[PDB]
Amino acid sequence: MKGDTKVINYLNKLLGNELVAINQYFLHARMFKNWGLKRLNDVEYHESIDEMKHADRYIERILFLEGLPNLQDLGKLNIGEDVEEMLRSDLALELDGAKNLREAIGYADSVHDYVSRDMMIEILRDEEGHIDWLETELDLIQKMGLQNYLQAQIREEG
Amino acid sequence: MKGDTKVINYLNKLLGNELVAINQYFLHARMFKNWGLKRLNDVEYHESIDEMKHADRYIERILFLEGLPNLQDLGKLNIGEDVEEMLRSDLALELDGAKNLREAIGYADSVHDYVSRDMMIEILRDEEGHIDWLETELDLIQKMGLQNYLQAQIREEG
Amino acid sequence: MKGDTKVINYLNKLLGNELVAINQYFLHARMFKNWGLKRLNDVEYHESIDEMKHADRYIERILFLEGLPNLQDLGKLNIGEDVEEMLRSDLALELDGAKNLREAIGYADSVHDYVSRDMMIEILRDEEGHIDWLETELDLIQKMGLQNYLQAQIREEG
Amino acid sequence: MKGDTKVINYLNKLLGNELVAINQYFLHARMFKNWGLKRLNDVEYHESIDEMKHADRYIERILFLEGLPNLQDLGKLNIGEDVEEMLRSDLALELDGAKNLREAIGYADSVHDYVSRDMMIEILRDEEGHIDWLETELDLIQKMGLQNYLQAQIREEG
Amino acid sequence: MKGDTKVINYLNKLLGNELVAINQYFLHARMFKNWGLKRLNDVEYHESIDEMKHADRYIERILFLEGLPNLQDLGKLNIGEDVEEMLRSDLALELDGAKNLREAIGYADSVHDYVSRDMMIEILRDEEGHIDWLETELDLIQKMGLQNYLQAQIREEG
Amino acid sequence: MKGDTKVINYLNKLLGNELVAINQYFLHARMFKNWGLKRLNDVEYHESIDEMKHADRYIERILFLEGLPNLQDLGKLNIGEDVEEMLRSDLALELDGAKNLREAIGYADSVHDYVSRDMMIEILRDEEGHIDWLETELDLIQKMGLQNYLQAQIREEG
Amino acid sequence: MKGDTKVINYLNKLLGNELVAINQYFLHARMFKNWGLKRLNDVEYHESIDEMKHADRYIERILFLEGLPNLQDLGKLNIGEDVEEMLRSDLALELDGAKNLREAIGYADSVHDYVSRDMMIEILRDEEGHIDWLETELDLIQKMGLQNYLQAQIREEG
Ligand code: HEM
Ligand code: HEM
Ligand code: HEM
Ligand code: HEM
């Protein structure tokens, strides 16, 4: 079904966001794993899988709408060298994507692409979830201190 | 453990190869899926997962060897517009990566990084497997003709 | 038990036939497999196993009859380069072996080696079965055409 | 994938070795069985199956590398007339094949056919295993004497 | 159904053979058992049961063909006083019966009693099996010596 | 099979390394256990078992190659009096053994003892694993502080 | 709990005995295994595990008593080149350790270290068991002769 061009541009832009997130989350995950921070590896890995699911949904939708999914261009990764810096970087990234999602959703509504909108709102709900988790972790680091926070990541949560 | 610098460069280059393959295979997969070529979607999807496993192994190894995995730079994707063109493009990609793998393996041996070598030989064996599958599909297309080949992709293989 | 010498010669000759068939069927099988003709690989492989069972029975019988099984001499393989040619070659081979079997059976009867005869008649019945299958495949190729025939070999039969 | 020609020659030569071993082990097996040496029949039979697995791997690899597997030429079998002679003959055969394998492995490495190499190293490890078993049996025959050794072969090992 | 008279004579003669074998095998069995040669008792007992099955088949066939089964006349038993002598005696007996069977089979064919023939060929195959076993035991006795052979009969084979 | 003498010397030297590691890991384990550091006892104990498996493989291989395994000479243990010191000492030991392994592997390749090489590469991969674990623990001690690190060892990991 | 110094010296001396036994039994085991003496490998291996258990108990007890377990010094191994010699050597070793154990037990009683005593008496009971087994094997070798004894080791005991 031939979709609205600008919706497809938005879908590719959102896809672009998820594909930086996929990589940034995966590197973070295995960095944590290397450091023995088993629990942060588990969560961030699962967030990488999450963003993959999102990318998949965009790709399928762009294809359905008869556009060309763009997996060639990759935005700036910001990796960071310590836990806080890396968590903070994932948070900034989620925040910029939420912003883009809010914009795309409003526009999809105005051209009547209600199913693209509906798919985007579910994705935003997952992002808003990641935002919740990242914010909480960052606050825990301040409240309990860095040493205690690290000790609490050594064992995976059952 | 501080690894050999040039081994790490090779590992990042190989990682680079897998990360273009991951995307190219995934897009191909969902293109096939959109076209209703269910079987080609199943196989190519499973090859995308495969290349992810490889990327993961490189990332973990670079990290262990104390280098910086590079997920920022992404090489040229070549997507193609029909089945043959797309299969042929995946084949050219596997062929270039096999070449890089052969080179890296020889060098790892000469600096005594036998475990990096061992990991790379297993990966090359998986690639060589994908090469086998792609070559066979491309020959089937010529032997049975394009129409018959497409009909044979409509149902997933149990 | 000391057997009739000429029966043993026949047994070795028949053994010789099975041992060329074993190899020819196995190579054909893996050629088909390489080409992705999964179904022809399954059947021809199972025919290779079949001829092995036959060879085993000859070997045991020659030994029981106190002769020397001959596994040293190997007759002409005729491999062929395409499906028809290869199928036709297996058929010619079965036909020559059936001829030898008919001759050996008649002779075993006339020297009263009824158990060798009985074993040979069961083998001939298996060969006659392979002959049936090969003839049918070759006719299917003409009736449905080569392209359709090949497409029909891509998936293994459950 | 077009392989190195000389690698293919080596693969065919190794294949040639396995195919003499297949037959020599099988005849030995059924000779032992006829003599009631149940245990030697069980082991040697299982070694025949082993060499078949090896031949299969060569055949598939030659085919993948786009060469012509050679099952037509069969090297000298040396059967022998008693246990020691026959065991010793299998040992000489394994020793010559190990020699060929060592040469092929070194050459595969130097043309970068690392997966052929990897396959060959696993095969050599199985051969080295057969060598171990044969050497041990031959020493047992001297240590316990031939009569005791034979009595020990009458019952199959659970 | 009124059978050929001479076929019935042959059937009774063969029956006569089995009925001496039944007794000779049973006595041998329980002699071995008494001597503690548990394994030879197991096998020879099972051969006695075997010959009973054969007698049964003759009896039923003679009756079907409307003749009178003869269980009154019993040929010469040759018991023997030691293992070798007794094994050798069972072997001579099987050899004479195989001779009779060969003759009967040829004659049944020439009067078209194909089912009597078919029954006789299966019996001959069982006899040929007993012949194999006896020959092997007698050769084992020479190869491993009498003392070792006896020790090997003390425990039953699982 | 008569092996290369210098390969056997290397195998004995590597065996020597594993046998110091076996003892050093076991003492460390039970020291941790005594101190109530349950988790460090579990891991180090499992590393002692690991090094035993390695010693076993060397011993068997030396024996196969017809050399004399040397379990008489035992290198310097360095025990240490606190967690860091003891972990650091295990790390120095793994590092020296990895060095020896790298040398032995290269030499085995040059005399064509590919199966010894293959066994050594698997062992090196296990060592490289222990190196990873030790390095991570030592870094955790600095990152979370000694008191927090110790508290984290009190309970065994499920 | 601060133990008696001389008890700790005894514990270390006994530990020293077990650690030579561990190695001597393990080498013997794998020597038997190499020779195909499967049964002697099974038993001696299990005795090596046994002596490890003993070493473990000493190590834990020395640590509890606040002494320093000594795994650095290793007494004279006496390996031997044939079965008898090797069995005899394990027996001499058990005999010397039993002597040391008797001495240590008496002394532990006189300084009131009743739990060390109790642990040592259980160990002595296990040693006395090994002594029983070794003595019996050595006598069996004389009673049945070396050839028969070896044949009896070829199969593992269920
Ligand atoms: C390039 C860096 C990437 C890495 C390192 C990576 C890694 C992984 C790994 C390790 C898995 C687990 C394999 C499994 O399913 O068992 C996985 C799953 C998956 N990946 Fe990726 N991935 C990457 C990018 C992508 C991309 C670009 C896509 C396409 C949008 C994608 C799609 C998927 C999907 C659909 C799954 C299955 C999720 C599930 O059901 O568990 N991945 N990935
Ligand atoms: C010419 C003398 C040979 C004899 C007497 C022989 C005999 C046998 C027998 C009795 C079996 C057991 C059947 C079964 O799988 O249940 C077997 C299995 C097999 N044979 Fe052969 N064989 C011979 C040569 C070969 C050759 C040349 C090849 C090809 C390389 C081959 C390939 C195989 C394979 C792949 C199996 C299946 C193994 C398994 O999964 O158990 N054989 N053979
Ligand atoms: C005269 C000496 C014989 C002796 C000492 C003997 C002994 C035995 C014994 C101990 C059994 C096992 C009983 C069972 O089935 O549980 C048996 C079975 C049997 N016997 Fe006899 N037998 C003799 C002759 C015969 C004869 C002349 C016939 C008739 C042809 C015969 C027919 C059978 C049959 C049909 C069985 C059953 C086999 C089975 O299913 O296990 N026996 N015999
Ligand atoms: C001398 C100090 C040693 C100590 C204190 C020690 C301790 C232990 C203990 C407690 C076990 C567990 C028993 C079990 O398997 O359930 C074990 C297992 C084992 N040990 Fe040792 N050991 C020592 C040296 C050695 C040596 C030198 C070898 C020979 C290379 C060896 C070979 C083995 C093997 C093969 C196992 C079985 C592993 C398994 O399957 O769990 N050990 N050791």
# chains A, B, ... in the order shown; residues from 1 in each chain; ligands from 1
$ residues_around --residues "segment 102-105 of chain G" --least-positions-apart "2" --cutoff "10 Å" --atoms "only C-alpha atoms" --output "number ranges by chain"
G: 6-11, 13-14, 97-100, 107-110, 113-114, 116-121, 124
$ write_last_selection --atoms "C-alpha atoms" --output "PDB file, in the first residue's frame"
ATOM      1  CA  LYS G   6      53.775 -30.849  66.777  1.00  0.00           C
ATOM      2  CA  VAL G   7      50.290 -32.077  65.736  1.00  0.00           C
ATOM      3  CA  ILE G   8      50.437 -29.621  62.862  1.00  0.00           C
ATOM      4  CA  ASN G   9      53.928 -30.939  61.906  1.00  0.00           C
ATOM      5  CA  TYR G  10      52.477 -34.443  61.876  1.00  0.00           C
ATOM      6  CA  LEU G  11      49.481 -33.308  59.829  1.00  0.00           C
ATOM      7  CA  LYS G  13      53.981 -34.876  57.214  1.00  0.00           C
ATOM      8  CA  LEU G  14      50.927 -37.046  56.620  1.00  0.00           C
ATOM      9  CA  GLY G  97      52.383 -43.886  55.569  1.00  0.00           C
ATOM     10  CA  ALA G  98      50.595 -46.303  57.887  1.00  0.00           C
ATOM     11  CA  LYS G  99      53.679 -46.201  60.099  1.00  0.00           C
ATOM     12  CA  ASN G 100      53.577 -42.374  60.193  1.00  0.00           C
ATOM     13  CA  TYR G 107      50.790 -38.360  69.808  1.00  0.00           C
ATOM     14  CA  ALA G 108      47.443 -36.616  69.114  1.00  0.00           C
ATOM     15  CA  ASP G 109      45.960 -38.666  71.969  1.00  0.00           C
ATOM     16  CA  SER G 110      48.644 -37.627  74.335  1.00  0.00           C
ATOM     17  CA  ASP G 113      43.696 -33.495  70.099  1.00  0.00           C
ATOM     18  CA  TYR G 114      40.987 -36.100  69.938  1.00  0.00           C
ATOM     19  CA  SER G 116      42.617 -34.795  64.807  1.00  0.00           C
ATOM     20  CA  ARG G 117      43.055 -38.323  66.160  1.00  0.00           C
ATOM     21  CA  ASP G 118      39.592 -39.327  65.054  1.00  0.00           C
ATOM     22  CA  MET G 119      40.162 -37.980  61.552  1.00  0.00           C
ATOM     23  CA  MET G 120      43.493 -39.822  61.348  1.00  0.00           C
ATOM     24  CA  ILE G 121      42.000 -43.155  62.442  1.00  0.00           C
ATOM     25  CA  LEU G 124      44.287 -45.180  58.446  1.00  0.00           C
TER      26      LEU G 124
END
$ residues_near_ligand --ligand "ligand 4" --cutoff "7 Å" --atoms "only C-alpha atoms and all ligand atoms" --output "PyMOL selection string"
(chain F and resi 19+22-23+26+49+52-53+55-56) or (chain G and resi 19+22-23+26+49+52-53+55-56)
$ closest_atom_pairs --of "chain A" --to "ligand 1" --cutoff "12 Å" --atoms "only C-alpha atoms and all ligand atoms" --output "Markdown table"
| residue | atom | partner | partner_atom_place_in_ligand_line | distance |
| --- | --- | --- | --- | --- |
| A:12 | CA | ligand 1 | 30 (C) | 12.0 |
| A:14 | CA | ligand 1 | 30 (C) | 12.0 |
| A:15 | CA | ligand 1 | 30 (C) | 8.4 |
| A:16 | CA | ligand 1 | 27 (C) | 9.9 |
| A:17 | CA | ligand 1 | 27 (C) | 11.2 |
| A:18 | CA | ligand 1 | 30 (C) | 8.4 |
| A:19 | CA | ligand 1 | 27 (C) | 6.1 |
| A:20 | CA | ligand 1 | 27 (C) | 9.1 |
| A:21 | CA | ligand 1 | 24 (C) | 9.7 |
| A:22 | CA | ligand 1 | 24 (C) | 6.1 |
| A:23 | CA | ligand 1 | 2 (C) | 5.2 |
| A:24 | CA | ligand 1 | 2 (C) | 8.9 |
| A:25 | CA | ligand 1 | 5 (C) | 9.2 |
| A:26 | CA | ligand 1 | 5 (C) | 5.9 |
| A:27 | CA | ligand 1 | 5 (C) | 7.7 |
| A:28 | CA | ligand 1 | 5 (C) | 10.8 |
| A:29 | CA | ligand 1 | 5 (C) | 10.0 |
| A:30 | CA | ligand 1 | 5 (C) | 9.6 |
| A:42 | CA | ligand 1 | 10 (C) | 11.7 |
| A:44 | CA | ligand 1 | 7 (C) | 11.5 |
| A:45 | CA | ligand 1 | 10 (C) | 8.2 |
| A:46 | CA | ligand 1 | 41 (O) | 8.7 |
| A:47 | CA | ligand 1 | 43 (N) | 10.4 |
| A:48 | CA | ligand 1 | 22 (N) | 7.2 |
| A:49 | CA | ligand 1 | 38 (C) | 5.6 |
| A:50 | CA | ligand 1 | 38 (C) | 7.7 |
| A:51 | CA | ligand 1 | 30 (C) | 7.8 |
| A:52 | CA | ligand 1 | 31 (C) | 4.6 |
| A:53 | CA | ligand 1 | 35 (C) | 5.4 |
| A:54 | CA | ligand 1 | 30 (C) | 7.2 |
| A:55 | CA | ligand 1 | 30 (C) | 4.3 |
| A:56 | CA | ligand 1 | 30 (C) | 4.4 |
| A:57 | CA | ligand 1 | 30 (C) | 8.0 |
| A:58 | CA | ligand 1 | 30 (C) | 8.4 |
| A:59 | CA | ligand 1 | 30 (C) | 7.2 |
| A:60 | CA | ligand 1 | 30 (C) | 9.6 |
| A:69 | CA | ligand 1 | 30 (C) | 10.4 |
| A:70 | CA | ligand 1 | 27 (C) | 10.8 |
| A:71 | CA | ligand 1 | 27 (C) | 7.6 |
| A:72 | CA | ligand 1 | 27 (C) | 10.3 |
| A:73 | CA | ligand 1 | 27 (C) | 11.7 |
| A:74 | CA | ligand 1 | 27 (C) | 10.6 |
$ select_by_dssp --residues "segment 71-119 of chain C" --states "helix (DSSP H, G or I)" --output "MDAnalysis selection string"
chainID C and resid 83:110 114:119
$ write_last_selection --atoms "N, CA and C atoms" --output "compact mmCIF listing (two decimals), in the first residue's frame"
# COMPACT_ATOMS: atom_id res chain seq x y z
N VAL C 83 22.02 -34.80 -13.75
CA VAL C 83 21.08 -35.72 -13.10
C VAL C 83 20.73 -36.93 -13.96
N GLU C 84 20.22 -36.68 -15.15
CA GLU C 84 19.83 -37.75 -16.06
C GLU C 84 20.99 -38.72 -16.30
N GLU C 85 22.13 -38.18 -16.72
CA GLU C 85 23.30 -38.96 -17.00
C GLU C 85 23.63 -39.80 -15.76
N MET C 86 23.51 -39.21 -14.57
CA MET C 86 23.93 -39.97 -13.42
C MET C 86 22.93 -41.02 -13.04
N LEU C 87 21.66 -40.71 -13.21
CA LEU C 87 20.64 -41.69 -12.91
C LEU C 87 20.74 -42.86 -13.89
N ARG C 88 20.95 -42.53 -15.15
CA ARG C 88 21.02 -43.50 -16.22
C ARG C 88 22.20 -44.43 -15.97
N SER C 89 23.27 -43.87 -15.41
CA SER C 89 24.45 -44.67 -15.17
C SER C 89 24.23 -45.68 -14.03
N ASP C 90 23.54 -45.27 -12.96
CA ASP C 90 23.16 -46.17 -11.89
C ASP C 90 22.25 -47.27 -12.43
N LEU C 91 21.29 -46.92 -13.29
CA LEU C 91 20.43 -47.92 -13.94
C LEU C 91 21.23 -48.93 -14.76
N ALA C 92 22.16 -48.49 -15.61
CA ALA C 92 22.95 -49.45 -16.40
C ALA C 92 23.69 -50.42 -15.46
N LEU C 93 24.17 -49.89 -14.34
CA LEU C 93 24.93 -50.67 -13.39
C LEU C 93 24.07 -51.74 -12.71
N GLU C 94 22.85 -51.37 -12.32
CA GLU C 94 21.90 -52.31 -11.72
C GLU C 94 21.55 -53.39 -12.72
N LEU C 95 21.32 -53.00 -13.96
CA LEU C 95 21.02 -53.94 -15.01
C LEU C 95 22.14 -54.96 -15.22
N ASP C 96 23.41 -54.53 -15.22
CA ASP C 96 24.48 -55.50 -15.36
C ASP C 96 24.61 -56.42 -14.16
N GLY C 97 24.34 -55.90 -12.97
CA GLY C 97 24.42 -56.72 -11.81
C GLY C 97 23.28 -57.70 -11.76
N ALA C 98 22.09 -57.29 -12.22
CA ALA C 98 20.95 -58.21 -12.22
C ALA C 98 21.25 -59.41 -13.12
N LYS C 99 21.91 -59.14 -14.24
CA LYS C 99 22.31 -60.13 -15.20
C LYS C 99 23.24 -61.14 -14.52
N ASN C 100 24.30 -60.65 -13.87
CA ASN C 100 25.20 -61.50 -13.10
C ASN C 100 24.50 -62.33 -12.01
N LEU C 101 23.54 -61.70 -11.33
CA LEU C 101 22.80 -62.36 -10.28
C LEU C 101 21.97 -63.50 -10.84
N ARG C 102 21.34 -63.27 -11.98
CA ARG C 102 20.52 -64.30 -12.62
C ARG C 102 21.40 -65.50 -12.96
N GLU C 103 22.57 -65.23 -13.54
CA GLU C 103 23.52 -66.27 -13.87
C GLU C 103 23.99 -67.05 -12.60
N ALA C 104 24.41 -66.37 -11.54
CA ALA C 104 24.86 -66.99 -10.29
C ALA C 104 23.81 -67.84 -9.61
N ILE C 105 22.57 -67.34 -9.60
CA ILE C 105 21.44 -68.04 -8.96
C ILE C 105 21.20 -69.41 -9.60
N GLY C 106 21.24 -69.44 -10.94
CA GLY C 106 20.99 -70.65 -11.69
C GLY C 106 22.08 -71.65 -11.41
N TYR C 107 23.32 -71.17 -11.29
CA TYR C 107 24.43 -72.06 -11.05
C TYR C 107 24.43 -72.63 -9.61
N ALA C 108 24.14 -71.78 -8.62
CA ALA C 108 24.02 -72.22 -7.23
C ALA C 108 23.00 -73.35 -7.08
N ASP C 109 21.89 -73.25 -7.80
CA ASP C 109 20.88 -74.29 -7.81
C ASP C 109 21.44 -75.58 -8.37
N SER C 110 22.27 -75.49 -9.39
CA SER C 110 22.67 -76.71 -10.03
C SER C 110 23.76 -77.45 -9.24
N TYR C 114 21.75 -74.17 -2.06
CA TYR C 114 20.45 -73.56 -1.92
C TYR C 114 20.42 -72.35 -1.00
N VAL C 115 21.30 -72.32 0.02
CA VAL C 115 21.29 -71.12 0.85
C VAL C 115 21.98 -69.92 0.21
N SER C 116 23.11 -70.13 -0.44
CA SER C 116 23.63 -69.06 -1.28
C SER C 116 22.57 -68.58 -2.29
N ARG C 117 21.82 -69.51 -2.90
CA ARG C 117 20.82 -69.13 -3.87
C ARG C 117 19.79 -68.22 -3.23
N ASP C 118 19.34 -68.63 -2.04
CA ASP C 118 18.28 -67.97 -1.33
C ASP C 118 18.74 -66.56 -0.98
N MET C 119 19.95 -66.41 -0.49
CA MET C 119 20.48 -65.10 -0.22
C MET C 119 20.54 -64.26 -1.50
$ residues_around --residues "residue 132 of chain D" --least-positions-apart "3" --cutoff "9 Å" --atoms "only C-alpha atoms" --output "list in words"
residues 127, 128, 129, 135, 136 and 137 of chain D; 1 and 64 of chain F; 34 of chain G
$ closest_residue --among "B:2, B:155, B:143, B:76" --to "chain C" --atoms "only C-alpha atoms"
B:143
$ decode --residues "segment 76-158 of chain B" --atoms "C-alpha atoms" --output "PDB file, in the first residue's frame"
ATOM      1  CA  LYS B  76      28.933  -0.188   2.159  1.00  0.00           C
ATOM      2  CA  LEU B  77      25.680  -2.152   2.066  1.00  0.00           C
ATOM      3  CA  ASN B  78      24.662  -3.280  -1.416  1.00  0.00           C
ATOM      4  CA  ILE B  79      20.976  -4.174  -1.273  1.00  0.00           C
ATOM      5  CA  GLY B  80      19.847  -4.947  -4.824  1.00  0.00           C
ATOM      6  CA  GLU B  81      16.305  -4.923  -6.172  1.00  0.00           C
ATOM      7  CA  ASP B  82      15.572  -8.599  -7.127  1.00  0.00           C
ATOM      8  CA  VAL B  83      16.290 -12.067  -5.650  1.00  0.00           C
ATOM      9  CA  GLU B  84      19.327 -12.913  -7.764  1.00  0.00           C
ATOM     10  CA  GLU B  85      20.887  -9.474  -7.348  1.00  0.00           C
ATOM     11  CA  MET B  86      20.346  -9.679  -3.605  1.00  0.00           C
ATOM     12  CA  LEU B  87      21.660 -13.183  -3.218  1.00  0.00           C
ATOM     13  CA  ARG B  88      24.667 -12.339  -5.369  1.00  0.00           C
ATOM     14  CA  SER B  89      25.349  -9.337  -3.195  1.00  0.00           C
ATOM     15  CA  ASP B  90      25.369 -11.420   0.019  1.00  0.00           C
ATOM     16  CA  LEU B  91      27.757 -13.844  -1.732  1.00  0.00           C
ATOM     17  CA  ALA B  92      30.204 -11.069  -2.743  1.00  0.00           C
ATOM     18  CA  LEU B  93      30.117  -9.875   0.863  1.00  0.00           C
ATOM     19  CA  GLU B  94      30.877 -13.323   2.315  1.00  0.00           C
ATOM     20  CA  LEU B  95      33.694 -13.705  -0.172  1.00  0.00           C
ATOM     21  CA  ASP B  96      35.324 -10.439   0.919  1.00  0.00           C
ATOM     22  CA  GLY B  97      34.993 -11.327   4.545  1.00  0.00           C
ATOM     23  CA  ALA B  98      36.457 -14.797   3.995  1.00  0.00           C
ATOM     24  CA  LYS B  99      39.443 -13.086   2.393  1.00  0.00           C
ATOM     25  CA  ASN B 100      39.887 -10.836   5.461  1.00  0.00           C
ATOM     26  CA  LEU B 101      39.467 -13.834   7.757  1.00  0.00           C
ATOM     27  CA  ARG B 102      42.163 -15.801   5.932  1.00  0.00           C
ATOM     28  CA  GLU B 103      44.527 -12.862   6.315  1.00  0.00           C
ATOM     29  CA  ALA B 104      43.742 -12.314  10.048  1.00  0.00           C
ATOM     30  CA  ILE B 105      44.092 -16.025  10.878  1.00  0.00           C
ATOM     31  CA  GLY B 106      47.581 -16.210   9.389  1.00  0.00           C
ATOM     32  CA  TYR B 107      48.669 -13.133  11.279  1.00  0.00           C
ATOM     33  CA  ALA B 108      47.233 -14.323  14.634  1.00  0.00           C
ATOM     34  CA  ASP B 109      49.316 -17.493  14.237  1.00  0.00           C
ATOM     35  CA  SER B 110      52.454 -15.541  13.631  1.00  0.00           C
ATOM     36  CA  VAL B 111      52.099 -13.470  16.823  1.00  0.00           C
ATOM     37  CA  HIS B 112      51.017 -16.595  18.775  1.00  0.00           C
ATOM     38  CA  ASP B 113      47.424 -15.454  19.476  1.00  0.00           C
ATOM     39  CA  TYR B 114      46.240 -19.000  19.086  1.00  0.00           C
ATOM     40  CA  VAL B 115      42.899 -18.468  20.780  1.00  0.00           C
ATOM     41  CA  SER B 116      41.940 -15.538  18.584  1.00  0.00           C
ATOM     42  CA  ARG B 117      42.999 -17.775  15.695  1.00  0.00           C
ATOM     43  CA  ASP B 118      40.866 -20.632  16.928  1.00  0.00           C
ATOM     44  CA  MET B 119      37.817 -18.384  17.282  1.00  0.00           C
ATOM     45  CA  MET B 120      38.385 -17.013  13.778  1.00  0.00           C
ATOM     46  CA  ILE B 121      38.677 -20.476  12.201  1.00  0.00           C
ATOM     47  CA  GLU B 122      35.292 -21.490  13.631  1.00  0.00           C
ATOM     48  CA  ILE B 123      33.757 -18.269  12.253  1.00  0.00           C
ATOM     49  CA  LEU B 124      35.313 -18.902   8.801  1.00  0.00           C
ATOM     50  CA  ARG B 125      33.774 -22.358   8.867  1.00  0.00           C
ATOM     51  CA  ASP B 126      30.329 -20.780   9.433  1.00  0.00           C
ATOM     52  CA  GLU B 127      30.988 -18.331   6.580  1.00  0.00           C
ATOM     53  CA  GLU B 128      32.132 -21.012   4.259  1.00  0.00           C
ATOM     54  CA  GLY B 129      28.726 -22.616   5.129  1.00  0.00           C
ATOM     55  CA  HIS B 130      26.820 -19.475   4.097  1.00  0.00           C
ATOM     56  CA  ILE B 131      28.900 -19.326   0.918  1.00  0.00           C
ATOM     57  CA  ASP B 132      27.827 -22.912   0.195  1.00  0.00           C
ATOM     58  CA  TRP B 133      24.163 -22.071   0.651  1.00  0.00           C
ATOM     59  CA  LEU B 134      24.232 -18.867  -1.446  1.00  0.00           C
ATOM     60  CA  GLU B 135      26.100 -20.567  -4.310  1.00  0.00           C
ATOM     61  CA  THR B 136      23.615 -23.410  -4.328  1.00  0.00           C
ATOM     62  CA  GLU B 137      20.595 -21.087  -4.388  1.00  0.00           C
ATOM     63  CA  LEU B 138      22.054 -19.061  -7.239  1.00  0.00           C
ATOM     64  CA  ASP B 139      22.670 -22.238  -9.254  1.00  0.00           C
ATOM     65  CA  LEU B 140      19.163 -23.499  -8.511  1.00  0.00           C
ATOM     66  CA  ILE B 141      17.746 -20.297  -9.962  1.00  0.00           C
ATOM     67  CA  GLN B 142      19.495 -21.013 -13.296  1.00  0.00           C
ATOM     68  CA  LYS B 143      18.755 -24.727 -13.303  1.00  0.00           C
ATOM     69  CA  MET B 144      15.015 -24.596 -12.551  1.00  0.00           C
ATOM     70  CA  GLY B 145      14.341 -21.043 -13.834  1.00  0.00           C
ATOM     71  CA  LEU B 146      13.246 -17.985 -11.877  1.00  0.00           C
ATOM     72  CA  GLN B 147       9.467 -18.662 -11.843  1.00  0.00           C
ATOM     73  CA  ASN B 148       9.902 -22.189 -10.462  1.00  0.00           C
ATOM     74  CA  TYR B 149      12.473 -21.003  -8.001  1.00  0.00           C
ATOM     75  CA  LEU B 150      10.133 -18.364  -6.598  1.00  0.00           C
ATOM     76  CA  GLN B 151       7.245 -20.822  -6.290  1.00  0.00           C
ATOM     77  CA  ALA B 152       9.534 -23.025  -4.240  1.00  0.00           C
ATOM     78  CA  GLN B 153      10.069 -20.196  -1.671  1.00  0.00           C
ATOM     79  CA  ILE B 154       6.430 -19.560  -0.870  1.00  0.00           C
ATOM     80  CA  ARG B 155       6.148 -22.140   1.938  1.00  0.00           C
ATOM     81  CA  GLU B 156       8.551 -22.430   4.903  1.00  0.00           C
ATOM     82  CA  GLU B 157      10.605 -25.622   5.180  1.00  0.00           C
ATOM     83  CA  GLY B 158       9.556 -27.808   8.188  1.00  0.00           C
TER      84      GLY B 158
END
